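Heads up, the chain below is alone and in the form deposited in one PDB entry; it's given as structure tokens.
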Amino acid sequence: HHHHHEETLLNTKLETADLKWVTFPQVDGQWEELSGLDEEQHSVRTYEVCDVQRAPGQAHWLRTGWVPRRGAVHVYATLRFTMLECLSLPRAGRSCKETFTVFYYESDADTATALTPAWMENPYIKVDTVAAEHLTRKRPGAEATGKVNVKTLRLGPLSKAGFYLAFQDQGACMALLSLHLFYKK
């Protein structure tokens, strides 16, 4: 910031192979990585989950790789996502949700495992339960119609060498189309 600018820490749309994000507990209905398309019609890695019929009360977790924070005291996280209208999903029931919750946890090295940091608030720091202003609709026989949602969250103040972001779903039906972490330098 001898020249002032925003500096990227992570941009999923630039991943050319697979993201390798870690999921838990890896049961039926788990988060799945899928190839999607961005605004330039280029292939990008995305994550989807839609466990609304079988077990809408089962939590499904998704964790990023470890992100070294460099000088950053606050980091911004821009999330772009589709959220299905519960009423469009056949045999979704009363338990279906139209939100997901975003957490982070700071660590001094990339020490996470399949089971740790423990998959729960504390250690994870709850940032926001994110609502969707735009619901995607699908009517029998027809193409889905909808808009993409965007939410930017501010994380910090940060003090350890790096951090993980984690997403908790429980009975929602959504596609995480992109994550971009950046800070002001």
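Throughout, we count residues from 1 along the sequence that is shown. Residues that one form lacks are left out of the comparison. Take the two forms, find the largest set of C-alpha atoms that superpose within 1.5 Å, and that set is the rigid core.
FYI, the form deposited in another entry isn't displayed, but the following is about it.
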* Asked: With the two forms superposed on the core, which of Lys147, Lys160, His42, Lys126 shows a CA shift of 2 angstroms or more between the shown form and the other one?
  -> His42
* For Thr111, decide whether the Cα shift between the shown form and the other one is 2 Å or greater, given a superposition on the rigid core. => no
* Can you list, in sequence order, the runs of 3 or more consecutive shared residues with C-alpha shifts of 2 Å or more between the shown form and the other one on the rigid core? -> 38 to 42, 93 to 95, 138 to 142
